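Participant: Please find the sequence and an experimentally derived structure below.
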Amino acid sequence: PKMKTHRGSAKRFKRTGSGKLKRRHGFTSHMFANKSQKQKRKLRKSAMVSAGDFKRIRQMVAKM
Amino acid sequence: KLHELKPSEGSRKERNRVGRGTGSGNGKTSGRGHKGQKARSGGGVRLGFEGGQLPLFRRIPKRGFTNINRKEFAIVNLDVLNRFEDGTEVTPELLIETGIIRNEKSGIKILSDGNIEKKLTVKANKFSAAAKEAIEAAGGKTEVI
Amino acid sequence: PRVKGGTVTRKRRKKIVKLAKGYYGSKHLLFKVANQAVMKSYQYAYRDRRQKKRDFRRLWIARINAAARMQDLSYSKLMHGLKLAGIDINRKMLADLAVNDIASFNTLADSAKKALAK
Amino acid sequence: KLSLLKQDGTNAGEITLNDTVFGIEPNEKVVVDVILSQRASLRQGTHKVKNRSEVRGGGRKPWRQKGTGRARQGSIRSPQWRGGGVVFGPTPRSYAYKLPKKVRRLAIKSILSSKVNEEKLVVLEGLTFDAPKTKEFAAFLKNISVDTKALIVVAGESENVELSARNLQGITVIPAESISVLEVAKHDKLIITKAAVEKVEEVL
RNA sequence: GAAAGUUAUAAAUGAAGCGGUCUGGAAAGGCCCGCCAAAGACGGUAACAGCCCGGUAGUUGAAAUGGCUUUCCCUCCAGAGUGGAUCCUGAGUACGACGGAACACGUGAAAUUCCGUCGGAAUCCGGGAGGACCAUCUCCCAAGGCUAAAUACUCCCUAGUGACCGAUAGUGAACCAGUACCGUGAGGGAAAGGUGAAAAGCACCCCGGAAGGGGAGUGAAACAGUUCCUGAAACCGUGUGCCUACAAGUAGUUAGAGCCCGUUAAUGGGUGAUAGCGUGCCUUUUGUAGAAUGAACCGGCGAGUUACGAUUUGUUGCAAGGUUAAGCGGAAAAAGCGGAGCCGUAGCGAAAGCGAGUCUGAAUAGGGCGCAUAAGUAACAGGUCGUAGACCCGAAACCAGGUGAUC
RNA sequence: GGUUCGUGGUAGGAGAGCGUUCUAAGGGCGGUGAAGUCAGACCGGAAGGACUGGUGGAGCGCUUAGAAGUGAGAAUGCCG
Ligand SMILES: [Mg+2]
Ligand SMILES: [Mg+2]
Ligand SMILES: [Mg+2]
Ligand SMILES: [Mg+2]
Ligand SMILES: [Mg+2]
Ligand SMILES: [Mg+2]
Ligand SMILES: [Mg+2]
Ligand SMILES: [Mg+2]
Ligand SMILES: [Mg+2]
Ligand SMILES: [Mg+2]
Ligand SMILES: [Mg+2]
Ligand SMILES: [Mg+2]
Ligand SMILES: [Mg+2]
Ligand SMILES: [Mg+2]
Ligand SMILES: [Mg+2]
Ligand SMILES: [Mg+2]
Ligand SMILES: [Mg+2]
Ligand SMILES: [Mg+2]
Ligand SMILES: [Mg+2]
Ligand SMILES: [Mg+2]
Ligand SMILES: [Mg+2]
Ligand SMILES: [Mg+2]
Ligand SMILES: [Mg+2]
Ligand SMILES: [Mg+2]
Ligand SMILES: [Mg+2]
Ligand SMILES: [Mg+2]
Ligand SMILES: [Mg+2]
Ligand SMILES: [Mg+2]
Ligand SMILES: [Mg+2]
Ligand SMILES: [Mg+2]
Ligand SMILES: [Mg+2]
Ligand SMILES: [Mg+2]
Ligand SMILES: [Mg+2]
Ligand SMILES: [Mg+2]
Ligand SMILES: [Mg+2]
Ligand SMILES: [Mg+2]
Ligand SMILES: [Mg+2]
Ligand SMILES: [Mg+2]
Ligand SMILES: [Mg+2]
Ligand SMILES: [Mg+2]
Ligand SMILES: [Mg+2]
Ligand SMILES: [Mg+2]
Ligand SMILES: [Mg+2]
Ligand SMILES: [Mg+2]
Ligand SMILES: [Mg+2]
Ligand SMILES: [Mg+2]
Ligand SMILES: [Mg+2]
Ligand SMILES: [Mg+2]
Ligand SMILES: [Mg+2]
Ligand SMILES: [Mg+2]
Ligand SMILES: [Mg+2]
Ligand SMILES: [Mg+2]
Ligand SMILES: [Mg+2]
Ligand SMILES: [Mg+2]
Ligand SMILES: [Mg+2]
Ligand SMILES: [Mg+2]
Ligand SMILES: [Mg+2]
Ligand SMILES: [Mg+2]
Ligand SMILES: [Mg+2]
Ligand SMILES: [Mg+2]
Ligand SMILES: [Mg+2]
């Protein structure tokens, strides 16, 4: 049978035009009185999956 | 010549068989090491497992939604349209007639990458602002279908 | 297609028992005991090609020594004189002269004795 | 290009074959690949063995796990038992596979143009027999020097050509649209009528 | 219910070499000559047969019974338009509340279908659906029933096929096999093929109660004689060339006299008084001669495979393009047809959307991702991964249907 | 074909090969004796391959490719 796509990763990962994976920062839910404005202003941006993590999660999102 | 068949060199290789003696380097343990979870038959962990540490996908948030009414257009640039003859009435039927456009998903949109020299009369559903301007600079005429 | 293991296992095993010919008891009859006796014999023969060169030089040296002491010399003084004078004969042939042609061994011992005296 | 012969074995003029079909440079690497695929698509693959779950018996543990002094065992149909099941073995399976359609066309042209460089192709005015007669086919087959295995390609001909050559051992007759790389390569010479040459060039 | 045709269930006919010669127990084999073929499939015959036998291709054949097709007989039958007063169009039903289930959909914003219990419509000026719901529009008439083919399987019968097995294999069972045997019972469940072409299976004599032998005879062979083709290793013996009763040994290896032989003929073979060196194999370990583990010995059997997907490398074809799937066709072929679909050729954004740019932002700022700075695709082979028992053997335990108070 | 530098090795990576069963084509030997089995003082760098002789009494190699039920000394392994 054709292998299945990780549905929990397809809801929060995104493929760029060079094959890389793009994500969002993960410390922005509810404790905004404990983080400075410099932190908050930079955690609302996006980031890239590092090389170490990419090698472990290639096959989970192969078909988008 | 059925007795002198010679396949192309490098196109075929002999497979590797493990567990067939210690003179080949893949003997006793067959390339597996010594006494772990990965040395057992059917052993191994999930694709994204990290041994109890929270997986990467579970410490970043989800984002967005999917639009049901999403429109995706078939894209043709200016360079491809230069293959026509002067004065030709360029039509989406003509685009699929030649086979340059395989499927018109929701329509045809002309973008402005490249250059156009022929004076054409193109028709489609959508035009980019630069593409429409460029065609009008060569004595063209764009009418939106 | 099925490949039954015939005619190949016996040919290889019998070739080892033949090499164990002359061994005591089951070491020349049974494969497992004869297999590890053949490997050991190869290991003993490998390093005995190294000691065979050591064993003979000790025999030549202890034999040139005996003949040199009959000329009021030791082996060490004889060897120093020969190298000092320039004679380049090795131990295998100096021992040959000491047994078969003792007359010429005294000729070489005279050259060694003179070189040690200027 | 080629001298044209009659059924009686006499010269009857000359015929020119298409240079894009019978005159290309053969691609030997392509022909080998198509031959291998065409041989591998001919085998049935009807073979099977019984696992440890298909041999009758088993289930009951042969003896107590501890205390008896024997080795631990779980079934009498285990792979290492005398009547036990096979571990992996064969299984029913298909072997057929097919190359891209353009590669298959280039292999037919190459094998059919190599038979011209080797002077092993015989163009013929027309082959027909009033009644099936295996004796007459042998007499025909010696008027033209072959003396070995051959492939007879006839388009119009008749039904008497196949009947009168069926009993011969190294002779095979095909109706000019069944031509294939394996059949052409399996034989030495290639006798083809003029009408069959026209149909072959039409396809490719 | 008849007739005609076809088919299944027994069958008939059917070409061509006693060809010569050699070896041989025996010719189908070697050498030298002929012939048949719509028949050179298969099997047998004293070794390998197109021309010796049964047959094969082709052509014929059915009293009787079953099947199929057609026709006859037989049986049964109203279908068009115009009006629309008035009447009919499936009731404890559709729905709703409560509790469950099926829907890919776990009560969720939950449409749709079904079950149990309560409440409970309209009926053509009517009713339902279009994923809560309302209005418009579009499509359609629930609460009655029937329906062939395209699809799934093989205890069976006929004809065949296999880069399937060949007696520890292949069905548990090639042999009087679900038998012998084991259990109160449900139930579990084996081992065991081969004389020879032909029994021509040893008349007769001798030892012996017999068994069993030695001759004679049959046979190509009896060292093929009733587990009988071939007959390995462990294991048990008889004869003999060299050594051995003052010696401390993982049994060998290196040096070596003496004695005895004579080869795939070459700085050859067997045995060895004496001298030097030398604590088995595997596994598991920081580390094993290990007083840690496994193996009495010999033989056979016994462990990374396959299908479908992902990714990378190699090879081949075409190349801004590459390629068909199911299917039709056919010989369990090869073409041909089939462009539906898939990957690539453009990205950015949650999305509307814009587009070689786009998003964030008040910004023409800066920055992120892209283009500039373009090679993909189809098929096969190698490595690795995913779903499958997935590398082989091994639990104590859990659940479901049954059999047991002859102890 | 030369010059220089190298060539201990466990887990492990890479490469080249030997041998077994079956298939296809070419070419072969065999009752003047096939496979198997027994012995030998031969050949190759290894896995391995010939030759001669005894037994046996009917099948079997070689070359180039292809496909695997592919090679055992150990599992208190199964059977004899
Ligand atoms: Mg928030
Ligand atoms: Mg390899
Ligand atoms: Mg190694
Ligand atoms: Mg091992
Ligand atoms: Mg281990
Ligand atoms: Mg490990
Ligand atoms: Mg076999
Ligand atoms: Mg074996
Ligand atoms: Mg000895
Ligand atoms: Mg079972
Ligand atoms: Mg059970
Ligand atoms: Mg079995
Ligand atoms: Mg007859
Ligand atoms: Mg006849
Ligand atoms: Mg004779
Ligand atoms: Mg004859
Ligand atoms: Mg035959
Ligand atoms: Mg015979
Ligand atoms: Mg026979
Ligand atoms: Mg409810
Ligand atoms: Mg209800
Ligand atoms: Mg309504
Ligand atoms: Mg809908
Ligand atoms: Mg709606
Ligand atoms: Mg119904
Ligand atoms: Mg059996
Ligand atoms: Mg047998
Ligand atoms: Mg009983
Ligand atoms: Mg008798
Ligand atoms: Mg008697
Ligand atoms: Mg007798
Ligand atoms: Mg006789
Ligand atoms: Mg026989
Ligand atoms: Mg016997
Ligand atoms: Mg014996
Ligand atoms: Mg003493
Ligand atoms: Mg003594
Ligand atoms: Mg001591
Ligand atoms: Mg000693
Ligand atoms: Mg010792
Ligand atoms: Mg162990
Ligand atoms: Mg320890
Ligand atoms: Mg232990
Ligand atoms: Mg023990
Ligand atoms: Mg043992
Ligand atoms: Mg694996
Ligand atoms: Mg390519
Ligand atoms: Mg069909
Ligand atoms: Mg077919
Ligand atoms: Mg997107
Ligand atoms: Mg920018
Ligand atoms: Mg904004
Ligand atoms: Mg009871
Ligand atoms: Mg090394
Ligand atoms: Mg070194
Ligand atoms: Mg490797
Ligand atoms: Mg064989
Ligand atoms: Mg022999
Ligand atoms: Mg095996
Ligand atoms: Mg081993
Ligand atoms: Mg054993």
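Facilitator: Nice, I can see it. Numbers count the residues shown, from 1 in each chain, chains lettered A, B, ... in the order given. Ligands and ions are numbered 1, 2, ... in the order given.

Participant: Residue C:32 and residue C:23, how far apart?
Facilitator: According to Cβ to Cβ, to the nearest Å, residue C:32 and residue C:23 sit 13 Å apart. Every C-beta, even on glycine, is put in place using the N, C-alpha and C of the backbone.

Participant: My error: substitute residue C:35 in the last question.
Facilitator: 12 Å.

Participant: for residue D:125, same thing?
Facilitator: Taking Cβ to Cβ, one finds residue D:125 at 83 Å from residue C:23.

Participant: same check, this time on residue C:103
Facilitator: Note on residue C:103: its distance to residue C:23, by Cβ to Cβ, is 48 Å.

Participant: So if I had to pick from these two, which one is more boxed in?
Facilitator: The neighbour count for residue C:103 versus residue C:23, taken as other Cβ atoms under 10 Å in any protein chain shown, is higher for residue C:23 (16 against 8).

Participant: What does the more buried one show for phi and psi?
Facilitator: Note on residue C:23: its backbone torsions stand at phi -80, psi 160 [degrees, to the nearest 10].

Participant: Check the one 4 residues further on too.
Facilitator: Recorded main-chain torsions at residue C:27 are phi -70, psi -10, according to degrees, to the nearest 10.

Participant: For it, which non-adjacent residue is closest in space?
Facilitator: Nearest-residue entry for residue C:27: residue C:37, 4.8 Å, with adjacent residues in sequence omitted and distances by Cβ to Cβ, 6 or more residues apart in numbering or on different chains.

Participant: quick revisit: find the residues that touch each one of residue C:35 and residue C:23.
Facilitator: Shared contacts of residue C:35 and residue C:23, defined by Cβ atoms under 8 Å, 6 or more residues apart in numbering or on different chains, are absent.

Participant: The residue nearest to residue C:27: what secondary structure?
Facilitator: helix (DSSP: H, G, I helix; E, B strand; the rest coil).

Participant: thought it was touching residue C:21?
Facilitator: No: taking contacts as Cβ atoms under 8 Å, residue C:37 lies outside contact range of residue C:21: 10.9 Å.

Participant: What ranges does chain B have for its strands?
Facilitator: B:74-76, B:89-90, B:108-110, B:121-124, B:126-127, B:143-144 (DSSP state E).

Participant: what does the fifth one contact?
Facilitator: For strand B:126-127, the surrounding residues in contact (Cβ under 8 Å, 6+ apart) are B:73, B:107, B:108, B:109, B:110, B:142, B:144.

Participant: let's see it at 10 Å
Facilitator: Residues outside strand B:126-127 that contact it (Cβ atoms under 10 Å, 6 or more residues apart in numbering or on different chains) are B:71, B:73, B:75, B:106-112, B:132-133, B:135, B:142-145.

Participant: Check the second one too.
Facilitator: Where contact means Cβ under 10 Å, 6+ apart, the residues beyond strand B:89-90 that reach it are B:76, B:81, B:84, B:108, B:110, B:118, B:120-124, B:135, B:140-142.

Participant: any idea which of those is closest to chain D?
Facilitator: Using Cβ to the nearest Cβ, residue B:76 comes nearest to chain D of the contacts of strand B:89-90, at 27.0 Å.

Participant: Just give me the neighbour total for residue 28.
Facilitator: As the question left the chain open, I've gone with chain A. 14.

Participant: hm, I was asking about chain D
Facilitator: The burial count for residue D:28: 16, using other Cβ under 10 Å.

Participant: right, and it touches residue B:9 too?
Facilitator: No: between residue D:28 and residue B:9 there is no contact under Cβ atoms under 10 Å: 12.0 Å.

Participant: Name the residue closest to the centre of chain C, please.
Facilitator: Geometric centre of chain C, nearest residue: residue C:52, 2.4 Å, by Cα atoms, centre = their mean.

Participant: residue boundaries of the strands in chain A?
Facilitator: A:14-15, A:21-24, A:46-48.

Participant: Output the contacting helices and strands for the first one.
Facilitator: This means strand A:14-15. With contacts taken as 3 or more Cβ pairs under 10 Å, 6 or more residues apart in numbering or on different chains; DSSP states H and E, strand A:14-15 sits against strand A:21-24.

Participant: Do any residues in the strand it packs on lie close to RNA strand E?
Facilitator: Yes: applying Cβ under 7 Å from any atom of the strand, one finds strand A:21-24 touching RNA strand E at residue A:22.

Participant: buried ones in that strand?
Facilitator: A:21, A:23, A:24 (16 or more other Cβ atoms under 10 Å in any protein chain shown).

Participant: cool, stretch D:152-171 as well?
Facilitator: Buried residues in stretch D:152-171 (16+ other Cβ under 10 Å): D:152-155, D:157, D:160-165, D:168, D:171.

Participant: out of the residues you listed, who's nearest residue D:182?
Facilitator: Of all the buried residues of stretch D:152-171, residue D:182 sits closest to residue D:153, with 14.6 Å by Cβ to Cβ.

Participant: wait, what's in contact with the closest residue to that closest one other than its chain neighbours?
Facilitator: In space, and not counting its chain neighbours, residue D:153 is closest to residue D:192: 4.1 Å by Cβ to Cβ, 6+ apart. Residues near residue D:192 by Cβ under 10 Å, 6+ apart: D:112, D:115, D:121-124, D:127, D:151-155, D:174, D:176, D:179, D:199-200.

Participant: Would you check how far apart the most far-flung residue of chain A relative to its centre and chain D are?
Facilitator: In chain A, counting by Cα atoms, centre = their mean, residue A:1 sits farthest out from the average C-alpha position, at 27.9 Å. Residue A:1 sits at a distance of 17 Å from chain D (criterion: Cβ to the nearest Cβ, to the nearest Å).

Participant: so how far is residue B:47 from that residue?
Facilitator: Distance of residue A:1 to residue B:47, given as Cβ to Cβ: 16 Å.

Participant: circling back: the residue farthest from the centre of chain A: what's it in contact with?
Facilitator: Counting by Cβ under 10 Å, 6+ apart, there are no residues that residue A:1 touches.

Participant: before we move on, what about residue D:134?
Facilitator: Per Cβ under 10 Å, 6+ apart, neighbours of residue D:134: D:163, D:164, D:165, D:166, D:167, D:168.

Participant: Which residue is the nearest non-sequential neighbour of the fifth one?
Facilitator: Counting by Cβ to Cβ, 6+ apart, the nearest residue to residue D:167 once its immediate chain neighbours are dropped is residue D:134, at 4.8 Å.
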